[PDB]
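**Q** So I've got this experimental structure, pasted below with the sequence.
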Amino acid sequence: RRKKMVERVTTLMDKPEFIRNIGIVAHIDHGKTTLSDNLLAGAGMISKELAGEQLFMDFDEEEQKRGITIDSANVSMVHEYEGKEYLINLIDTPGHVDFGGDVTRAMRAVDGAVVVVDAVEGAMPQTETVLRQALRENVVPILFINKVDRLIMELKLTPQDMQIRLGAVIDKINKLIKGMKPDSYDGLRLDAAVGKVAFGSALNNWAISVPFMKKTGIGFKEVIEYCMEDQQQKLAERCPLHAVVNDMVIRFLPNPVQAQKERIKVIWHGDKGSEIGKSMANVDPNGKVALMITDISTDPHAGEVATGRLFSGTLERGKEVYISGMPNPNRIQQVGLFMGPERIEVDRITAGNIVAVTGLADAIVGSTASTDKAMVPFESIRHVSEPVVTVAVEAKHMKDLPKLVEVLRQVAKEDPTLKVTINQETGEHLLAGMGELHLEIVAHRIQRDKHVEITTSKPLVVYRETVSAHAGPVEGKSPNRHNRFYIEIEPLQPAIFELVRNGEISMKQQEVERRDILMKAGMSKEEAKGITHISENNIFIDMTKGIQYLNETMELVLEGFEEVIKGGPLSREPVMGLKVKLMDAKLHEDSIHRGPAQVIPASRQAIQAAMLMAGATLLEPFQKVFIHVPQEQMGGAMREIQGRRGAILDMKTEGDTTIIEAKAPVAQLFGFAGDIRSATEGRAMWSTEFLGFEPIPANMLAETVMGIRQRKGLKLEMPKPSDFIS
Ligand SMILES: Nc1nc2c(ncn2[C@@H]2O[C@H](COP(=O)(O)OP(=O)(O)CP(=O)(O)O)[C@@H](O)[C@H]2O)c(=O)[nH]1
Ligand SMILES: [Cl-]
Ligand SMILES: [Mg+2]
């Protein structure tokens with residue numbers, strides 16, 4: 001019965017000791033979703049298709065012909081270990097690089113990770129990505145080597161060849177961890193003997209581990225015989241997949257009691273000795289509320305659902321919380337937990353749990369909900385990759401113009417790695433995302449779920465603007481000519497750029513804490529001390545001496561900074577990589593003369609003129625491309641990538657197969673999937689990995705800038721410094 005399950009989960013909810021919050025991560029197609037569905041079945045939970053909310057849902061044959069996971073799915077299992085019941089919360093995540101946003105949002109909510117590796121392919125590009133994403137969040141990883149059934153029969157190899165090849169995978173994962181966090185590699189290391197690694201077949205519901213093997217007697221000899229004599233069904237009775245893997249989850253992944261104090265080191269810049277600081281570290285149900293929202297979605301009946309991680313306190317219907325950056329308190333309607341594949345309403349929820357909540361009218365992804373309005377909010381959920389592809393979207397019928405604006409707004413709310421620009425003048429809206437497939441899925445769902453016929457344009461790349469040298473001081477001047485600002489500008493140093501990109505500094509930190517981090521990474525003491533604003537991948541530094549009225553005028557200066565960052569002076573593309581320094585300023589004494597109408601245009605104009613004096617340039621995004629190919633088709637694949645402005649970084653040969661490691665610009669990778677096939681008689685297997693932005697060749701700057709200004713309908717003239725400081 002489901003009668004019994006509800007009481008079991010509700011009981012365990014109040015016992016943080018017996019909770020595991022975990023995510024399943026892997027390179028695409030390595031077996032994440034087969035593993036999640038079959039752990040859920042072995043535990044005795046009902047399957048997703050029989051869920052109450054799914055009764056009236058047809059199986060769209062197009063979205064499931066690819067079978068690819070597109071969105072994260074939350075489930076929970078009750079599992080019995082050494083005579084005690086544990087609540088395991090699980091998040092199954094997408095593999096495809098275009099949906100890496102869902103992976104970062106999931107890592108924010110869990111405390112442990114099962115990394116799945118294909119025994120045939122071994123470790124692949126996104127195996128590195130997901131491992132890095134977990135360690136950045138202080139999540140503990142363990143290893144499950146999958147598809148071992150395919151390794152045995154397709155390769156017809158020795159038992160000793162099987163020990164070697166599987167140890168080869170374990171070694172590769174250990175090297176990645178050592179490189180990524182050398183200080184604590186001794187603690188995170190995966191040892192096979194203790195039980196931190198498991199092997200099996202998710203598809204066929206068996207798995208083995210060393211503590212289980214000696215506690216059972218089965219050897220590698222018996223495992224090979226089972227698979228070659230067509231008896232994998234009997235190997236699953238002796239070594240059940242959920243038994244081995246759920247025991248390992250309970251034995252080596254942390255409960256909220258051991259892990260919440262380590263998560264808060266990287267996700268919160270508040271006082272760790274404060275009331276909320278230690279009550280989060282205590283998983284204290286009687287503390288103030290601290291709710292970390294990681295997902296927004298919509299329910300046909302209940303409305304909007306906010307999902308995330310409760311770190312301190314209790315929630316129930318009618319309790320009021322503030323949303324970070326919003327003035328009015330929101331009131332809770334329903335609180336719920338995931339039990340199997342369903343979301344069920346409970347009377348109360350407590351710290352330590354993954355929770356779902358309705359009524360928070362102002363919630364968004366990354367929000368903090370708290371009892372006290374003044375709590376320092378949790379760090380943002382940063383995806384380490386910016387949007388690089390854009391299409392224009394228009395409603396097919398003009399009678400649908402408002403509904404499409406509504407539909408597009410909810411869509412960007414639910415997936416924040418999308419950027420939506422709405423233009424109710426032209427009726428044409430830009431939609432920017434991580435790749436062509438990302439945009440394809442968005443368009444297909446607006447037309448299928450929201451019932452709004454749309455037309456989309458051909459995809460185009462999204463550039464960035466930056467500077468290449470130092471310039472200044474440059475003077476910006478308010479329209480009434482009373483206020484003046486003196487600005488220098490130059491590129492961020494790469495070490496400082498990484499601190500900003502990784503969220504290791506913020507203006508929420510204590511001053512001495514932030515300054516020591518900056519100085520340890522190169523910055524002079526005076527610049528570390530004067531930093532006042534961090535936006536995107538740029539910083540603003542106040543170097544002034546002590547100017548009356550500057551402090552209350554600074555927010556207006558920073559709004560001018562932000563307007564330039566949203567679209568730069570070459571082509572109105574987003575800006576990255578700047579260190580902007582305020583060296584001096586003249587201000588009028590009367591507030592009526594130094595308001596928004598005067599300060600924002602002067603700040604805006606000094607920054608834009610300094611940029612054009614500092615060698616402004618465009619950057620275009622580049623991908624790293626891995627091409628697996630048989631010897632015969634090597635030359636074909638080589639020509640095809642070098643004909644798309646591709647450069648070869650390395651080449652590796654294992655027997656008959658060569659792996660080509662190249663880099664190429666996004667702008668030239670449209671149509672690659674079908675061109676790489678027609679060029680390698682269909683044998684090429686490839687994957688990508690975002691590399692970075694690189695400057696466009698100085699001979700291509702003016703052509704590229706003018707083409708963007710054309711497409712955007714701006715004046716077809718190169719900007720000069722005299723256009724701003726006038
Ligand atoms: N032979 C074999 N095939 C398996 C095993 N586990 C999964 N597969 C197969 O691999 C393919 C992908 O499995 P799936 O669970 O969807 O992997 P995924 O990592 O979730 C795919 P995505 O990254 O898109 O979310 C399927 O065809 C599935 O049947 C296994 O243990 N053995
Ligand atoms: Cl710097
Ligand atoms: Mg999947």
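**A** Sure thing, it's come through. Numbering: from 1, shown residues only. Ligands and ions are numbered 1, 2, ... in the order given.

**Q** next helix or strand past the longest helix belonging to the chain?
**A** Identified as the longest helix of the chain according to DSSP state H is helix 159-180. The helix or strand immediately downstream of helix 159-180 is helix 185-188, counting by DSSP states H and E.

**Q** name the helices or strands packed onto that following helix?
**A** helix 159-180 (3 or more CB pairs under 8 Å, 6 or more residues apart in numbering; DSSP states H and E). Where you see a C-beta, it was placed from the backbone N, CA and C, and this is true even at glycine.

**Q** With only the CA atoms kept, save the helix or strand hosting residue 516 in CSV.
**A** Using DSSP H and E, the element containing residue 516 is helix 511-520. Coordinates of each C-alpha in helix 511-520 appear next as CSV, following Å, rounded to 0.1, in the frame of the first residue of the first chain:
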residue,chain,number,x,y,z
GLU,A,511,35.9,43.3,4.2
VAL,A,512,39.0,41.8,5.6
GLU,A,513,38.0,38.3,4.4
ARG,A,514,37.4,39.6,0.8
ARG,A,515,40.6,41.7,0.8
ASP,A,516,42.9,38.9,1.9
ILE,A,517,41.5,36.6,-0.9
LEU,A,518,42.1,39.3,-3.5
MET,A,519,45.6,40.1,-2.3
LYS,A,520,46.5,36.4,-2.2
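
**Q** now check it, is it near ligand 2?
**A** No. Applying CB under 5 Å from the ion, one finds helix 511-520 separated from ligand 2 by no less than 8.6 Å.

**Q** Who are the packing partners of that helix?
**A** Against helix 511-520 (3+ CB pairs under 8 Å, 6+ apart) you get helix 494-501, helix 525-530.

**Q** And the longest one, what's buried?
**A** The reference is to helix 494-501. 496, 497, 499, 500 (16 or more other CB atoms under 10 Å).

**Q** Now the two most distant members of those.
**A** Across these, the longest distance by CB to CB is 7.4 Å; it joins 497 and 499.

**Q** Tell me how the protein divides into domains.
**A** Domain assignment for the chain by curated CATH domains gives 2-250, 259-370, 389-464, 465-617.

**Q** Those domains: which one's closest to residue 701?
**A** domain 465-617 (6.6 Å).

**Q** Can you give the strand pairings for the biggest strand by length in the chain, parallel or anti for each?
**A** Secondary structure of the chain read by DSSP state E shows that its longest strand is strand 616-630. As defined by DSSP bridges, the strand partners of strand 616-630 come to strand 464-467 (antiparallel), strand 657-665 (antiparallel), strand 685-695 (antiparallel).

**Q** Which one of those lies nearest to ligand 2?
**A** strand 464-467 (12.3 Å; CB to the ion).

**Q** wait, does that closest one make contact with ligand 2?
**A** No. If you take CB under 5 Å from the ion as the test, strand 464-467 misses ligand 2, and the best it gets is 12.3 Å.

**Q** buried residues in that strand?
**A** By neighbour count on 16+ other CB under 10 Å, the buried set for strand 464-467 is 464, 465, 466, 467.

**Q** Residue 501 versus the residue in the stretch 51-200 of the chain that ligand 2 sits nearest to, what's the distance?
**A** Of all residues in the stretch 51-200 of the chain, the one sitting closest to ligand 2 is residue 136 (21.9 Å; CB to the ion). Shown here: residue 136 relative to residue 501, a distance of 11 Å by CB to CB, to the nearest Å.

**Q** doesn't residue 539 make contact with residue 580?
**A** Yes. Using CB atoms under 8 Å, residue 580 makes contact with residue 539 at a distance of 7.2 Å.

**Q** Now the element after the longest strand of the chain, going C-ward?
**A** Immediately after strand 616-630, counting by DSSP H and E, sits helix 634-642.

**Q** gap between that following helix and the chain center?
**A** Distance of helix 634-642 from the chain centroid (CA atoms, centre = their mean, to the nearest Å) equals 32 Å.

**Q** residues of that helix that come out buried?
**A** 634, 636, 637, 638, 640, 641.

**Q** And for stretch 551-566?
**A** 553, 554, 556, 557, 558, 560, 561, 562, 564, 565.

**Q** Just the ones in helices from those residues, please.
**A** Short answer: the buried residues of stretch 551-566 in helices (DSSP H) are 553, 554, 556, 557, 558, 560, 561, 562, 564, 565.

**Q** quick one: which two of these are the most distant?
**A** The widest separation within these (CB to CB) is 19.1 Å, between 553 and 565.

**Q** Run through the residues of the stretch 351-500 of the chain sitting next to ligand 2.
**A** So far as CB under 5 Å from the ion goes, the stretch 351-500 of the chain lies against ligand 2 at 492, 493, 496.

**Q** for the residue of the chain at minimum distance from ligand 3, what are its contacts?
**A** Residue of the chain nearest ligand 3, by CB to the ion: residue 33 (2.9 Å). Residues in contact with residue 33 (CB atoms under 8 Å, 6 or more residues apart in numbering) are 69, 92.

**Q** Tell me the secondary structure of whichever residue of the stretch 501-650 of the chain sits closest to ligand 2, please.
**A** Nearest residue of the stretch 501-650 of the chain to ligand 2: residue 579, at 4.8 Å (CB to the ion). Assigned with DSSP: H, G, I helix; E, B strand; the rest coil, residue 579 falls in the strand class.

**Q** Name the residues that touch the helix holding residue 516?
**A** 496, 499, 504, 505, 506, 507, 525, 527, 528, 529, 531.

**Q** buried residues in it?
**A** 514, 515, 517, 518.

**Q** was I right about the residue of the stretch 501-650 of the chain closest to ligand 2 contacting residue 489?
**A** Yes. Contact status for residue 579 versus residue 489: in contact at 7.0 Å, counting by CB under 8 Å.

**Q** Neighbour count for those two, which is higher?
**A** Higher neighbour count among residue 579 and residue 489: residue 489, with 26 against 21, using other CB atoms under 10 Å.

**Q** ok so that one is a helix residue?
**A** No. Read with three-state DSSP, residue 489 is strand and lies in no helix.

**Q** Pull the distance from stretch 237-251 to the chain's centre.
**A** 29 Å.

**Q** what's it in contact with?
**A** Here stretch 237-251 has contacts from 20, 22, 35, 38-39, 41-43, 77, 79, 81, 86, 88, 112, 114, 142, 144, 195-196, 198, 200-202, 205-209, 212, 216, 218, using CB under 8 Å, 6+ apart.

**Q** Name the helix or strand for the residue of the chain closest to ligand 3, please.
**A** Going by DSSP H and E, residue 33 is part of helix 32-42.

**Q** Wondering if that helix reaches ligand 1 at all.
**A** Yes. On the criterion CB under 6 Å from any ligand atom, helix 32-42 is in touch with ligand 1 at 32, 33, 34.

**Q** Let me see the contact set for the first one.
**A** Contacts for residue 32 were tallied using CB under 8 Å, 6+ apart; they are 24, 25, 26, 69, 92, 93, 95, 116.

**Q** just checking, which of those residues belong to strands?
**A** Those of the contacts of residue 32 lying in strands (DSSP E): 24, 25, 92, 116.

**Q** which ones are touching the last one?
**A** Residues in contact with residue 116 (CB under 8 Å, 6+ apart) are 24, 25, 26, 30, 31, 32, 35, 144, 146, 202.
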